[PDB]
Amino acid sequence: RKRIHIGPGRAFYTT
Amino acid sequence: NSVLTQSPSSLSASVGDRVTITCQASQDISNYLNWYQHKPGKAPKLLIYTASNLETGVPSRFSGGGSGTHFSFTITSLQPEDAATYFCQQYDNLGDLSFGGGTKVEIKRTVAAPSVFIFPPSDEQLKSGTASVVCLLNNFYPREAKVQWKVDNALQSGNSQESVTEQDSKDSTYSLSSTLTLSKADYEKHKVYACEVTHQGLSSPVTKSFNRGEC
Amino acid sequence: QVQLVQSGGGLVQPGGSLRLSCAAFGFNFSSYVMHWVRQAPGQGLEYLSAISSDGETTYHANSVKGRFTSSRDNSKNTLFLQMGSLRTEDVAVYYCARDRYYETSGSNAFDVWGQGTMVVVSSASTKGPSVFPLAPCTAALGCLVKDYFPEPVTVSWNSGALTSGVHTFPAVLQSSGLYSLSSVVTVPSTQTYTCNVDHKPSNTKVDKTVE
Ligand SMILES: *[C@@H]1O[C@H](CO)[C@@H](O[C@@H]2O[C@H](CO)[C@@H](O[C@@H]3O[C@H](CO)[C@@H](O)[C@H](O)[C@@H]3O)[C@H](O)[C@H]2NC(C)=O)[C@H](O)[C@H]1NC(C)=O
Ligand SMILES: [Cl-]
Ligand SMILES: [Cl-]
Ligand SMILES: [Cl-]
Ligand SMILES: [Cl-]
Ligand SMILES: [Zn+2]
Ligand SMILES: [Zn+2]
Ligand SMILES: [Zn+2]
Ligand SMILES: [Zn+2]
């Protein structure tokens, strides 16, 4: 249930 | 899984008038909503980021507010320049990231009558087997207009197509093209070719015509 | 200024491959996260992909995940989209965008977009346009761009020197299955008027002087 960051802030997806 | 409902889908208002677009979210998305402007063929342009904040170079004319599931975007004192499509974007995260359906904004204008022009088929085209006759309605308002084709005073049905430009950025008018498509053998059979225009800005119908092989 | 220009659009067979490129001008490309978005005709924008500034970490939406791959070459200031096994649902104008992060609010937006590039998926063949002059007998003249496939067709007058008065119409899909549009100009009267037609899917560049 982790957040994977593409960039700073809201630039992420959860898996 | 975050669907966004944008309303209204269409919109027509005068210059100087205040107008407000609404966007609703199926989930609490805090303030992570942005508002974009898009004119045809152009690159989309960011106006408001995170509910209420202006991006640099965006006029005070534009405004935003709200949070949670309900959001609003206001254009105060509309300009002819604002004839565009405005869409929102939810950016809670990349996995849910989604867009609104958009709002087409038309600038309401005083009724303007079209200039009418007719064009014979080129010699170049005739030598290939087909003949296209083009009627042009220049800079008029509103979009609604009636164009009909008459060949030796006979109505033409199902053999023509119309096309409308997007609204003009400066004088908020439209332009329309009608195109009668005939075979060469059909084209050379009759002499007179006419385009008759009807519009709410014309007190009399306008006819532009030519004789075959005279100019 | 800060700008994004897109390339690689055109016609693809169902199941075939196509590579899209997005070139960055006027800014420091390597610092920014990049996105891919698309818009189907008559539909809303649909988000596709994200790629990290170093370019080794990507996100892809479920609609394209094991089908399209985002990559970037920072020394070339170019963002890429490798598209494979294409469907009818992939018919769209494709947009690349620049990400921005607002530290004060811990939030993100797409502050710079490209003008878009169109991809058509079909088993039909490419066809170049025929350009015909439109002449009269305030005056109006123009060009008839007839029987091309697929879209788009870009039109300019006098290599960009003539813009005011120009009306380039949206294309119509003819009963033949081929597209067709007109470009006109209204100029009141040595000084010639040449329309410039560009149809990239067929690598066709036609100029037509009207008289
Ligand atoms: C645009 O931005 C890029 C990436 O943000 C810039 O590249 C980066 O520049 C910084 C500062 O100059 C580099 O830091 C330096 O690292 C070297 C060792 O490599 C060290 O000796 C210096 O003391 C300094 O800390 C950073 O490494 C570099 N990042 C990358 C991607 O290699 C770039 O300068 C900008 N582009 C231009 C030319 O405008
Ligand atoms: Cl990373
Ligand atoms: Cl399919
Ligand atoms: Cl399918
Ligand atoms: Cl005009
Ligand atoms: Zn509400
Ligand atoms: Zn990394
Ligand atoms: Zn399909
Ligand atoms: Zn005009």
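The deposited coordinates for this entry were obtained by X-ray crystallography, with a reported resolution of 2.800 Å.

Chain C appears in the PDB entry as Fab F425-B4e8, Heavy chain from Homo sapiens.

Identification of chain B as Fab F425-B4e8, Light chain from Homo sapiens is taken from the PDB entry.

Asker: Account for the state of the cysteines, naming residues and giving values.
Answerer: Scanning the model with the defined rule gives 4 disulfides over all chains in all. The side chain of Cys135 of chain B participates in a disulfide bridge whose partner is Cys195 of chain B; the two sulfur atoms lie 2.0 Å from each other. In this structure the cystine formed by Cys135 of chain B and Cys195 of chain B twists about its S-S bond by roughly -100°; its chirality is therefore left-handed. Of this pair, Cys135 of chain B sits in strand β13 (residues 130-140) while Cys195 of chain B sits in strand β17 (residues 192-198), placing them 60 residues apart in sequence. For the pair formed by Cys135 of chain B and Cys195 of chain B, the shared burial category is buried. With a sulfur-sulfur separation of 2.0 Å, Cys22 of chain C is cross-linked through a disulfide to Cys96 of chain C.

Asker: For the interface of chain C and chain B, give the residues involved together with the corresponding values.
Answerer: Chain C puts 44 residues into the contact, and the matching count from chain B is 42 residues. For the chain C and chain B pair, buried surface summed over both sides reaches about 3,500 Å², with 66% attributable to carbon and sulfur atoms. The interface formed by chain C and chain B holds 1 salt bridge in total. Among the ionic pairs, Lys208 of chain C bridges to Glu124 of chain B, the shortest N-O distance being 3.4 Å. Between the two partners, chain C and chain B, sit 11 residue pairs in polar contact. Looking at the side of chain C that touches chain B residue by residue, the classes come out as 25 nonpolar, 13 polar and 6 charged.

Asker: So what's going on with the sheet that holds β17 of chain B? Residues and values would help.
Answerer: Residues and elements named next belong to chain B. Here we have 3 strands laid out as an open sheet, ordered β14-β17-β18, and antiparallel in their pairing. Looking at strand neighbours, the two that pair on one side only are β14 (146-151) and β18 (206-211), the edges of this open sheet. Averaged over neighbouring strand pairs, the angle between their axes works out to 15° when direction is ignored. As defined by bridge partners, β14 adjoins β17 across 6 bridges and the pair is classed as antiparallel. The residue of β17 that forms the bridge with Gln148 is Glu196.

Criteria and cut-off values
Within every chain, residues carry numbers counted from 1 in written sequence order, not necessarily those of the entry, while residues missing coordinates are excluded from display. The naming scheme follows written order: chains are lettered A onward, ligands numbered 1 onward. Hydrogens and water are ignored here; the side-chain numbers use all heavy atoms of the structure. The disulfide definition used here is simple: a pair of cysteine sulfur atoms within 2.5 Å. Secondary structure elements follow DSSP: runs of H or I no shorter than four residues count as helices, runs of E no shorter than two count as strands, and numbering proceeds from the N terminus. Each residue is placed in one exposure class: buried if its accessible area under a 1.4 Å probe, protein chains only, is under 20% of its type's maximum, exposed if it is over 50%, and partly exposed if it falls in between. Any two residues whose heavy atoms approach within 4.5 Å are treated as being in contact. Buried area: the sum, over both parts, of the accessible surface (1.4 Å probe) that disappears when the two are put together. Any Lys or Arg side-chain nitrogen located within 4 Å of an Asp or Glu carboxyl oxygen qualifies as a salt bridge. Definition of a polar contact: a pair of N or O atoms within 3.5 Å, with one able to donate and the other able to accept a hydrogen when the atoms are protein atoms, and with sequence-neighbouring residues admitted only if both atoms are side-chain atoms. Under the scheme applied here, ten amino acids are nonpolar (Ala, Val, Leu, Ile, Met, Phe, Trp, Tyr, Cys and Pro), four are charged (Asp, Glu, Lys and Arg), and all others, including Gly, are polar. In this analysis, strands are considered paired if DSSP registers two or more bridges between them. Axis lines are fitted to C-alpha atoms, over the contacting stretch for helices. Their N-to-C directions set the angle, which ranges from 0 to 180 degrees.

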